[PDB]
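268 is the number of the first residue of the sequence shown in my numbering; add one for each residue after it.
Beta carbons: idealized from backbone N, C-alpha and C, even for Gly.
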Amino acid sequence: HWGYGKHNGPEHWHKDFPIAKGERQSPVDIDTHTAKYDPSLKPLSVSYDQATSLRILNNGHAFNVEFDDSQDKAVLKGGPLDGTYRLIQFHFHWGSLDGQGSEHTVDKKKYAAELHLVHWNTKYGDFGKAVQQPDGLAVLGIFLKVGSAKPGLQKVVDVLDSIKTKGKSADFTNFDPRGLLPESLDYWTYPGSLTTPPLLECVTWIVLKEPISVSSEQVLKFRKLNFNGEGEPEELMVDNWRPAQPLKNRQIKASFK
Ligand SMILES: NS(=O)(=O)c1ccc(C(=O)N2CCc3cc(O)c(O)cc3C2)cc1
Ligand SMILES: [Zn+2]
């Protein structure tokens, strides 16, 4: 099955998921000079005060921090969005080295990692129905650079030892995702897709301009995770990013001048 290796990585995905070569695939390079400022774009509303994290899972591709999405608790609205989108999970993509790992790029710059906070449009009732719709998901993407530690990330980092291998989970309650946000909510936005199989073209992407800083030690701990299951040959969970895809007939809009 699909993964990030030589034999099952991004350049193979199209064989099982032909939408891989579609018209609105993600990620993309954000050409900052070509992105147009859109004065009609609203400030993003990130309302995470009542967020209820439940669990952290190593799914063999990344780790997901999962949230209770059975009520309007942690929601994303405004910005380019119409209606209310509920937080279901977050995860990261990262590299084997600090010079790569992000999925989106900014004028071809790769960041060390990229955080995806995944939300679904409440008008579709559940996540599985939402992914079948062109406006079903809103993914908030946040770049990570290596520098000072992110204190709000440390709780995540410290639990990774308990979910080293594929299919392991751990209780992960009371985690506040507000601690993963940068100061500014300036963003770029464009219509795109899931960046892993099934690659569904259901996402409004909202990518923050300002990266967060994490420490070298924090990202090193991401790189100790395993793609493999327990008692299988150790394959370090690194380079779990899809490269930039063709922009085709799309415009990237900026919320800021
Ligand atoms: N990298 S990204 O674009 O932010 C991204 C966001 C979300 C997901 C995701 O949670 N998935 C894929 C689609 C899917 C579809 C299902 O029907 C399902 O039950 C579960 C899932 C699980 C994967 C990737
Ligand atoms: Zn992702």
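Cutoff 6 Å; reference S312; Cβ partners in own chain excluding five residues on either side = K344 and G345
Report yes or no: do the region 298-305 and the region 328-343 share at least 3 C-beta pairs separated by less than 8 Å?
-> no
Along the chain, where does the beta strand (DSSP E) that runs through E450 open and close?
-> From DSSP, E450 is part of no beta strand (DSSP E); its letter is neither H nor E.
For ligand 2, any of its heavy atoms closer than 7 Å to the Cβ of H383?
-> yes
At least three beta-carbon pairs within less than 8 Å, the region 427-434 to the region 487-496 | yes
Excluding five sequence neighbours on each side, which residues of the same chain lie with their C-beta closer than 8 Å to the C-beta of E501?
-> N493 and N495
Return the CA-CA distance between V505 and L427, expressed in angstroms with no decimal places.
-> 14 Å
Kindly list the residues whose CB is nearer than 6 Å to the CB of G459, restricted to its own chain and excluding five residues on each side of it in sequence; keep chain order.
-> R291, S293, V470 and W472
For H279, I'd like the list of residues in its chain whose CB is within less than 8 Å of its CB, leaving aside the five on either flank, ordered along the chain.
-> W269
Around the Cβ of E477, are there at least 16 other Cβ atoms within 10 angstroms (buried) or fewer (exposed)?
-> exposed
Hey, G350 and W361: beta-carbon distance below 8 Å or not?
-> no
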